[PDB]
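As the structure lists them, so they are numbered: ligands from 1, and atoms in each ligand from 1. Chain identifiers are assigned alphabetically (A, B, ...) following the order of the sequence lines, protein sequences preceding nucleic acid strands; residue numbering begins at 1 within each chain. No hydrogens, no waters, no symmetry mates; every other heavy atom, side chains included, goes into these values.
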Number of protein chains: 2
Amino acid sequence: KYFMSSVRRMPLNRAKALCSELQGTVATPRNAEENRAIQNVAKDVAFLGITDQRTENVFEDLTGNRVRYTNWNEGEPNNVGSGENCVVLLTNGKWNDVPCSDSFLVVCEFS
Amino acid sequence: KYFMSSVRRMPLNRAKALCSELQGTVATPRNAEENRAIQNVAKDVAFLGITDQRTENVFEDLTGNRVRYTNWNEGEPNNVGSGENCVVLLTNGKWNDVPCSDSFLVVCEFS
Ligand SMILES: CC(=O)N[C@@H]1[C@@H](O)[C@H](O)[C@@H](CO)O[C@H]1O
Ligand SMILES: CC(=O)N[C@@H]1[C@@H](O)[C@H](O)[C@@H](CO)O[C@H]1O
Ligand SMILES: [Ca+2]
Ligand SMILES: [Ca+2]
Ligand SMILES: [Ca+2]
Ligand SMILES: [Ca+2]
């Protein structure tokens, strides 16, 4: 598994399109080791390939597989405002759910 | 080095933008092993990061570094018509110079 980060920010739909263009997907850490590797390639807050768009509070990857390993920041996920169904990896390595329409860097994963 | 192929076709400038978006560059094979590795991922004719834009018949990689290894198809490079200053890897692994404005798949290189 190889991780590459974008230089520009974009919403999740554009992020998915970017990783998909090179036949990869938005990065989804499956353990602490991958979480750190992703954090390291990302120089700022970046999107992960995890959402609870299908079912609220049920987080799964972009292929529908419910995630097992999580690393939520204290107080997250909180689905605040009108809702937050996407996930970003903070600069300290913890996760926060955010609106999928907001823009962040993207880390793509390839195998 | 890791090589990934795009799914859509695009001109060289767009190909460069795609690869650089994930901090990589358009694939430039430095030997037959890498040439074969690029073949493995390119399901159809694809752009390589080489051009003779500066001086006709002097091929350099995208950073203006003159290349050493080449694998031209018989009869190539022929700079047909108004000129062909970009390079693509054919499905047999041999190269052909083509117009930089024409669209082809792109293979990106990372390391
Ligand atoms: C759009 C955005 O950044 N919203 C975040 C929210 O997701 C997070 O739960 C909260 C924690 O205090 O901080 C807000 O700023
Ligand atoms: C746009 C294009 O594909 N032009 C190619 C040209 O680059 C190549 O040298 C020649 C060899 O016969 O075949 C042409 O079709
Ligand atoms: Ca939610
Ligand atoms: Ca939140
Ligand atoms: Ca030429
Ligand atoms: Ca030619």
Item to check | Backbone N/O of B:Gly93 and side chain of B:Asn35: donor-acceptor pair under 3.5 Å | outcome: yes
Next on the checklist: To make sure I understand the geometry: which N, O or S atom in A:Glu76 is closest to the Ca ion (ligand 4)?
Outcome noted: OE1
Checklist entry - Does A:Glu84 bring an N, O or S atom to within less than 3.0 Å of the Ca ion (ligand 3)? => result yes
Next on the checklist: When you measure from the Ca ion (ligand 3) to the N, O or S atoms of A:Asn85, does any of those distances fall below 3.0 Å?
Outcome noted: yes
Checklist entry - Does B:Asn57 put an N, O or S atom under 3.0 Å from the Ca ion (ligand 5)? => result no
Checklist entry - Between B:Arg9 and B:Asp44, is a salt bridge (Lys or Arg N to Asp or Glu O under 4.0 Å) present by the stated rule, with each step listed? => result CA-CA 10 Å; B:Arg9 299 181 307 127; B:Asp44 201 351; over 6 Å; no
Next on the checklist: How wide is the angle at the Ca ion (ligand 4) spanned by A:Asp97 OD1 and A:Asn96 OD1, rounded to 10 degrees?
Outcome noted: 90°
Checklist entry - the Ca ion (ligand 5) to B:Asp52: any N/O/S contact under 3.0 Å? => result yes
Checklist outcome for this item: Exactly one of B:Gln39, B:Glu34, B:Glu33 clears side-chain hydrogen bond (donor to acceptor under 3.5 Å, both in side chains) with B:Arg36, and that residue is B:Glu33
Next on the checklist: Take a 6.0 Å sphere around NZ of A:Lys1 and say whether it holds more than 12 heavy atoms from other residues, nucleotides or ligands.
Outcome noted: yes
Checklist entry - In a check of ring-ring contact (aromatic ring centres under 6.0 Å, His included) between B:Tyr2 and each of A:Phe3, A:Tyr2, A:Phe110, which one passes? => result A:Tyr2
Checklist entry - How about A:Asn79: does one of its N, O or S atoms come closer than 3.0 Å to the Ca ion (ligand 4)? => result no
Checklist entry - Are B:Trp72 and B:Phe59 close enough that their ring centers fall under 6.0 Å? => result yes
